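Data first, discussion second: the structure below is written as structure tokens.
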Amino acid sequence: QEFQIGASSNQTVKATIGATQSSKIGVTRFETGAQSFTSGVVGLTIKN
Amino acid sequence: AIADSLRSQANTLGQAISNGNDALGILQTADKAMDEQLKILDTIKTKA
Amino acid sequence: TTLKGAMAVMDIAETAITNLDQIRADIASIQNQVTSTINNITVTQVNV
């Protein structure tokens, strides 16, 4: 949404207020692996 | 010619001031409204 | 009745002001020329 604040034609500020319903704000990410029956030294690596 | 251009620019800026004030009004409304959502989320976390 | 339409009507009005100034300048030019003619004629008639 624009708000003309200039002497000439297309000066403006822009507002892009996001959505804030309760179906769109708090969306976490869960994960869980299988039951590990094996041992050994492990090194994780989270990518990106 | 120069005086008419300057008068046009002064009137345009005078109206742009009102556009900016309306933008401030809208944004302040939204901002001060977000506060109750913040407090409600805090209460939800406390109840959980 | 629409945002971009408003920002276009702004330019169209600016161009209109420019054109009317350009025409009024021609009226003024002819008027000054006529005034000078009238002064010179008023003197020449007395001398004649």
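For clarity, chains are labelled A, B and C in written order, and residue numbers in each chain start from 1.
Here is the rule we use: a residue touches a chain if its C-beta (ideal position, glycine included) is under 8 Å from a C-beta of that chain, and two chains touch if they have at least 3 such contacts.
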Q: Using mean Cα positions as chain centres, tell me which chain lies farthest from chain C.
A: A
(Q) With centres defined from CA atoms, tell me which chain sits nearest the overall protein centre. (A) B
Q. Is the C-beta contact count larger for A-B or for A-C?
A. A-B
Q.
Based only on mean CA positions, could you tell me how far chain B sits from chain C in angstrom?
A. 42
Q) When the centre of a chain is set as the mean of its C-alpha atoms, what distance in Å lies between chain A and chain B? A) 25
Q | Interchain centroid distance [CA atoms averaged], chain A/chain C, Å | A | 60
Q | Multi-partner residues of chain A (at least 2 other chains) | A | 4
Q. What residues of chain A sit close enough to touch chain C in their complex?
A. 2, 4, 9-10
Q: Flag every residue of chain C that touches chain B in the complex, lowest number first.
A: 14, 17, 21, 25
Q. Which positions of chain A touch chain B when the two form their complex?
A. 3-7, 11, 13, 15, 17, 20, 26
Q. Hey, which residues of chain B end up touching chain A in the complex?
A. 9, 12-13, 16, 19-20, 22-23, 26-27, 30, 34, 37, 41
Q | Contacting residues of chain C [partner chain A, same complex] | A | 3, 6-8, 10-11, 14
